[PDB]
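> Give me a 3D structure for the following:
(chains A, B, C, D and E)
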Amino acid sequence: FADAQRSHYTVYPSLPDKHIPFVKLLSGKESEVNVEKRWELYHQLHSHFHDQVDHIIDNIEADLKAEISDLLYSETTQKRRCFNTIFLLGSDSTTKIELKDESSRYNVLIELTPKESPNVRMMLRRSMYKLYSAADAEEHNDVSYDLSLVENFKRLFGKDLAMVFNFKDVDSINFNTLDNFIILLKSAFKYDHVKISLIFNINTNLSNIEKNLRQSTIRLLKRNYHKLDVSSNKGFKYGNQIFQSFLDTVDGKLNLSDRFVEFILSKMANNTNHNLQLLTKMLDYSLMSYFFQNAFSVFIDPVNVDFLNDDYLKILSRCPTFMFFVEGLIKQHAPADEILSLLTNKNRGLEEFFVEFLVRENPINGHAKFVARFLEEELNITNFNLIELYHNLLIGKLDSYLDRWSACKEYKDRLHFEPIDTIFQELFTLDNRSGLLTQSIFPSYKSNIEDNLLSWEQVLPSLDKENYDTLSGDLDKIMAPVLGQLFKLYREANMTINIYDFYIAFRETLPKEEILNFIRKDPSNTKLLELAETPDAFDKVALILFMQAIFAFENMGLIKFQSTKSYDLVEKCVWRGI
Amino acid sequence: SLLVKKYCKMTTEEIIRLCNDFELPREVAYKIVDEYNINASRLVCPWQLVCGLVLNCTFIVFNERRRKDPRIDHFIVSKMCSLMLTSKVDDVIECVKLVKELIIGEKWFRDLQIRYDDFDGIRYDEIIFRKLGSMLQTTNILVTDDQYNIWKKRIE
Amino acid sequence: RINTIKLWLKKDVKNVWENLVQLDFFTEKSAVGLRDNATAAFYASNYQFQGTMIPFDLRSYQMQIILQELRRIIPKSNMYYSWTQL
Amino acid sequence: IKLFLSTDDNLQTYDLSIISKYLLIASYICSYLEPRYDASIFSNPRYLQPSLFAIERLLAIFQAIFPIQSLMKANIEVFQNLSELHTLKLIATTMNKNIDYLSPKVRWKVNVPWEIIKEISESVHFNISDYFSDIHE
Amino acid sequence: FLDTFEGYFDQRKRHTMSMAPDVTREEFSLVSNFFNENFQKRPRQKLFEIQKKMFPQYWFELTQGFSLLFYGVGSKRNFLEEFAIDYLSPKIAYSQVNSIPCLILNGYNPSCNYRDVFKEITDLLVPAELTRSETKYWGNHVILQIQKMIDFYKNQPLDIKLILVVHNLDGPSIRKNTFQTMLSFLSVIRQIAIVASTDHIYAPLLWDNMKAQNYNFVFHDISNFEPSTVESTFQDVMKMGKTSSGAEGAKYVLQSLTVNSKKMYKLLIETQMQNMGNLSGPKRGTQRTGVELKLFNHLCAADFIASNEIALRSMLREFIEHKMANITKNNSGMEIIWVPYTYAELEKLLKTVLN
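Numbers count the residues shown, from 1 in each chain, chains lettered A, B, ... in the order given. Have a look at this structure:
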């Protein structure tokens, strides 16, 4: 009957310009046109950045395909009784190998995932089914799905055979059945019309495969093998392209802060398989948050510069860089009229000041690429982060970053750049100081949950104005939420705790008088009243609350129960700050 | 070398004097001495515990006057290197953080934070939104309004 | 005790280990050789044994020829005949 | 002579992150060393199969051995790295087809030899040998 | 010293509930209800009103291809349902007349299967049928079809057509690697918005780099200390979990049912345990020990429960939909009704609610 007791029940909501997710800023004084302009500007920047990112992804796929095909067709000469083996080191099973369409033979690509390889018989059957299907499709009766198909391919289709196996996740594949399948495929070398090539997509070094394969198979593969280091972040070559795309998107309009770039470097250093996607997510969320939170983003284009209002003025006057500039002005000289006009005293004047000093272009967003280009023009250095280069340029330690190569000492002065502090810089700046980026993308799951449990006052409001009308107004002040108080006693307790002793401590740390007053404060429920009249009502109520809280902790994985024969002792599974 | 003293013997007079010189109300000082009495079992370094606890109490009681003036808290810790005569400040941080860890979940500290609206130095109306992950947080990229107001008053 | 016997490395002894396993001088610790029925063999083929998961170095084996048998067979003039009596 | 001196029958072992490397180090230390960490350390027995342990012990050892910044909490990134380590079969469980990482009855174990973990430890400049030298070299 | 690995090392170094007070089902229910809807109703309502102001940010994050994950202490079921149905769907509908359908996944249900969920997804948004060449050799017709969806939706306007809501993504049956892979592959599609919630504290352990990349989460912390009465319905609280059985949810359904449906279920259970006893305790119910629908119709007609087979099927639809009884066709072509609970669970159901 109830929809809550059902699984996967679909709901069709009954629906009842305000369709922009952006909300008004400046305490609601921001105009709707400003909100629409923020929406439009964010969409423009997002479209530019992700168009460039999609071009980069197409480039990586195309280059990987070209290199794999070149390795596959290398015209290597050897006694034709060996596999043409290609080890894609550090490669995820995502590439789509394309085979040349030779008219004198059938080039077949057979993909084999670990889920497709339970044993040797199924690997052979799924390889021969794919081979027969592909041959029939290209050719435009019935056979048995085994190596006799490879033997009789020349008779059936009249063309040679060029099977190319692609082992998608070699690490996940059981190496016993993979070794047996390789040995089985070795039996197909006695036919003059068949060429067998293998491509192992390896996520690690090949030493694991050497340890997990028989020495006979290792010697068989050693006859012909090519090693390819397939990685998106290999050589720091395409992460630099994505970062440069982001810089070109926000060139002049926005300035990345040094702390933001440090956060980017830290969060990309801890990820290996997927760094480009992580970098794109981080940059996209940073731009998203900046355009959602900042009402000064309407001034990215100069056209709206004239539309500055009093609230924009009030937000602007709190600019630390503006304060530094005005203190410098008052220190170098004391023009009373000029400093009054620049300050609030003639608010009008200040606006003109902004009208003149926001369109300044920060050279770093360009300069960072120029030095970058230098490293591929004369220095021929490719193993370097553009992100780290940009970070050290923002700090001002560019020479410290450059001296590691030691080959750029001759042009050390030419590449030197001294950063400058533009006024009103932090009005248009992507930064990480509020902890929003850390909390939203890489939060402390366990730590946040444990802090909510232990210190619940930061979560539940401590309201006191409406205390009288509510039923449990008195009980709210003294008694904490059962989960938080039980977690306090949980933390205070030892690793292995009896349930009854824990319940006794929990009952002790609750009061008895006002809770008994509250339990009978509802005259409508007679059962509550008659339970309260029972002499041991408080013990039963405390037991119910403790049982509910223990059930909750067991649901959230806080505790585990040991000695299921007696089921009286539980071991803690979560300690704070770990 | 007051911190390194182990199992030193003192009385309530020193504790109440320490509470008084930091301008602590009577009720909070009595809560302090009651907490000291109940935690006397964990008095490996009584001066360490009491100094950290009074540091946290002073932070809670005067969080908002601390909010106007960024100097005062540092000025406050000047007392900690003058009144009890130990110029070390790193040990002061050690004491305050360990005693914060010790009394993180106790009822009296929670009630004090609730009635003074501190919540680790950050008011509830904004700590809830920082915890929820709102993009509209009070980012520290600009200075606070009160700092701008006092700076304007100084410059005029 | 000594024209000196060479000490082969782990990479040069892995092949010898595999060869000795192939001749069934060693077996897995708890291994069923061949199932009696076709259905039992099919079920065993479907199951993925824990022995193949663990690395080659730590695989637990068990012999078919005990040390006393080696002492009996091996001639007294061998270099390792003193090492077949533990 | 060099041809006939070495068989040469072989055709930075991992590109893991520092979090993943320290997770592997902590897992190896936890599995191959008895739960006597309470006495002295953190303020060959490696010839046999690795033992079994729990997630909380691994996290505690990881926090103990991780270099300070003042301590490293368990973020989403740490758990993601641990799940990836299990994915690459470097760390296994008592899994049987269906596997639920969140079950309290699931216990973890290591699937790297001593050489791999030694190389990983020397990569991040960690002395796992000094930790393991107490029982035997 | 606590709150640190050193605290764990320090702490990692004979009373029973026999003498604890005895509490009845009714007493527990009434005390829990009164302490759930009256204890801190006002502070929790104020907190919900506070966190209801972040809905535009949630919708904005969902628009840019980010799946939302909600964690905390308490029941987020009400939060997720209200956000999705009452706010997200009408707003997306107006920004793109009918509202966007929402597929509310109840992950706290131990009987949640990805086959039925994918069937519902296929019904809601019709995909291209998987062709002969794309079925592969005994390939997974769910995963291959989802990849076909991904390829189809890659080049198509980035509107929103479905809003699937995953309650308690770490639940007993929704945490398994198969359904997690299903959700991971569905998360790549930008034409469906995903609003999931997790309660377990070790939840991030589920997802490796690939699954955490496909989800593309933006983690949001919503702690509200809510009772979580609905989530606790499917397993006994007095036993303190001493999870994936699903018999407790069946019993909870059995208090609120028609008397004819209760009698029909009782007859089905009795005959199934008769079959199990004929065959042989801890063994589950399968079609091997189950009733034929013709034989069940004959029994029900003999007991006047159902007049004809159409009425019997209509009654059985509710039990099949709730994953309480299953009708499956065996080798002989017979269609067999079987209840996927063990002998002890069926006996408990008969003694407690079906007595």
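> what helices or strands is the helix ranked longest in chain C leaning on?
Longest helix of chain C, by residue count under DSSP state H: helix C:10-22. The helices and strands touching helix C:10-22, judged by 3 or more Cβ pairs under 8 Å, 6 or more residues apart in numbering or on different chains; DSSP states H and E, are helix A:215-221, strand C:26-28. To be clear about C-beta, it is placed using only N, CA and C from the backbone, and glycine gets the same treatment.
> Pick the most deeply packed of these.
helix A:215-221 (a mean of 19; mean count of other Cβ atoms under 10 Å in any protein chain shown).
> what's that helix packed up against?
helix A:175-186, helix C:10-22.
> Assign residue E:196 to helix, strand or coil.
Judged by DSSP: H, G, I helix; E, B strand; the rest coil, the three-state class of residue E:196 is strand.
> neighbours around the closest residue to it other than its chain neighbours, how many?
Using Cβ to Cβ, 6 or more residues apart in numbering or on different chains and skipping residues adjacent in sequence, the residue nearest residue E:196 is residue E:166, 3.7 Å away. Using other Cβ atoms under 10 Å in any protein chain shown, the number of residues around residue E:166 comes to 28.
> Name the residue of the stretch 251-355 of chain E that lies nearest to chain B.
In the stretch 251-355 of chain E, the residue found nearest to chain B is residue E:252; the distance is 33.3 Å by Cβ to the nearest Cβ.
> ok, the residue nearest the centre of chain C - contacts?
In chain C, the residue lying closest to the centroid (Cα atoms, centre = their mean) is residue C:26, at 2.7 Å. Applying Cβ atoms under 8 Å, 6 or more residues apart in numbering or on different chains, we find residue C:26 in contact with C:17, C:20, C:61-64.
> go again using 10 Å as the cut-off
Going by Cβ atoms under 10 Å, 6 or more residues apart in numbering or on different chains, residue C:26 touches C:17-18, C:20, C:59, C:61-65.
> same check, this time on residue A:56
A:232, A:238-242, A:244-245, A:276, A:280.
> and what of residue E:15?
A:498-501, A:503-504, A:568.
> Show me what the residue nearest to the centre of chain C bridges to in the sheet.
Beta-bridge pairing for residue C:26 (DSSP bridges): residue C:63.
> Contact residues of chain C facing chain D?
Residues of chain C lying close to chain D by Cβ under 10 Å from any Cβ of the partner chain are C:6, C:8-12, C:14-15, C:47-48, C:50, C:53-60.
> Could you rerun that using 6 Å?
C:12, C:55, C:57-58 (Cβ under 6 Å from any Cβ of the partner chain).
> follow-up on the earlier one: next, format the contacts of residue C:26 as TSV and append neighbour count.
Output for the contacts of residue C:26, formatted as TSV (neighbours: other Cβ atoms under 10 Å in any protein chain shown):
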residue	neighbour count
C:17	17
C:18	15
C:20	13
C:59	16
C:61	14
C:62	10
C:63	13
C:64	10
C:65	11
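> closest to chain E among those residues?
residue C:59 (26.5 Å).
> number of nearby residues for residue 74?
Picked chain A for this. Residue A:74 has 12 nearby residues by other Cβ under 10 Å.
> my question was about chain D
Neighbour tally, residue D:74, other Cβ under 10 Å: 25.
> Isn't it up against residue A:446?
Yes - using Cβ atoms under 6 Å, residue D:74 is in contact with residue A:446, at 5.1 Å.
> Just want the residue of chain D that's nearest chain B.
Chain B sits closest to residue D:70 of chain D, with a gap of 9.3 Å, by Cβ to the nearest Cβ.
> which residues are contacting stretch B:12-23?
Residues external to stretch B:12-23 that are found in contact with it (Cβ atoms under 6 Å, 6 or more residues apart in numbering or on different chains): B:29, B:32-33, B:54, B:58.
> what's the top helix by length along chain D packed up against?
If you go by DSSP H, chain D has its longest helix at helix D:18-32. The elements that helix D:18-32 packs onto, with contact taken as 3 or more Cβ pairs under 6 Å, 6 or more residues apart in numbering or on different chains; DSSP states H and E, are helix D:55-65, helix D:76-87, strand D:108-110, helix D:114-123.
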